[PDB]
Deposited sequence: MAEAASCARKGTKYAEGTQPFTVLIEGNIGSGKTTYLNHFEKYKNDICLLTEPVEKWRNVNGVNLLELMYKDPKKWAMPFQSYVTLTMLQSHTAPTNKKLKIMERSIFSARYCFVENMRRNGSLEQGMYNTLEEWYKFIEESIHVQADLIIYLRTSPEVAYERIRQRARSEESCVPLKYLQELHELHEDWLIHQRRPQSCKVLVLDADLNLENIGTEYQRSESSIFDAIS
């Protein structure tokens, strides 16, 4: 009944805080490009939505641009989640769920998304799960302490408190509404 039902291989979602070595960890899979569908966080797309840089505007002016940005992330995820592929295995960096449970949720808390904006996304999330098929077999959680995450970023800029909030949300979601097995890794 749902879109992209039955059309998807075994799917692994790589999840974690910002600066938890997600990009590094994925490069290790990069040499099986030919047997793995390797889909990395489409930040490229969020930085150019037909010219417009949504990611910039989001940070620059959050109360205004959070809503469209998040909506756009949710889309790009779905495109990833639903892309067709001949490959026997699919690996995504993050997913619709982390967008919904970590980022949208946090932005609600620190009032980046007002009640109206948040509720629109949530009605959309609720609709999407009714309509579109999101194949998820294993999440690999690259666990870290905020402290550590913060550094990787100081190495390569968002506040430590922010990363802490994202950490708590990732923790709530993955350690303590998503059932399918969660492989916890130590990314310290």
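Counting the deposited sequence from 1, the stretches lacking C-alpha coordinates are 1-11, 168-173, 194-196, 209-230.
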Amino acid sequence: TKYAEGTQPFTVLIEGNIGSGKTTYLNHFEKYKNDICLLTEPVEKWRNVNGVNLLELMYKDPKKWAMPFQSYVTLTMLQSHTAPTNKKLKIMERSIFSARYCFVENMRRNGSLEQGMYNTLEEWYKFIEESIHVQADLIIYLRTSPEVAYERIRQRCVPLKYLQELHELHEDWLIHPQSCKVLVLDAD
From here on, numbers count along this sequence of modelled residues.
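Take the two forms, superpose them, and find the largest set of C-alpha atoms that agree within 1.5 Å; that set is the rigid core.
When the other structures are laid on the shown form by the rigid core, the stretch among 135-143 and 53-61 with the greater C-alpha deviation in 6 other deposited structures of this protein turns out to be 53-61. In the comparison with other entries of the same protein, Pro9 is given coordinates in all of those covering both sides of it, so it never reaches the one-third threshold. For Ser20, the record comparison shows coordinates present in all the other entries of this protein that model its neighbours, with no third of them leaving it out. Taking the mean C-alpha B-factor of each stretch as recorded, 135-143 and 26-34 are not equal, and the higher mean is that of 26-34. The mean Cα B-factor in the deposited entry runs higher for 146-154 than for the other of 118-126 and 146-154. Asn17: CA B factor lies in the lowest third for its chain, per the PDB record. Ranked by C-alpha B-factor against the other modelled residues of its chain, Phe69 falls in the lowest third.
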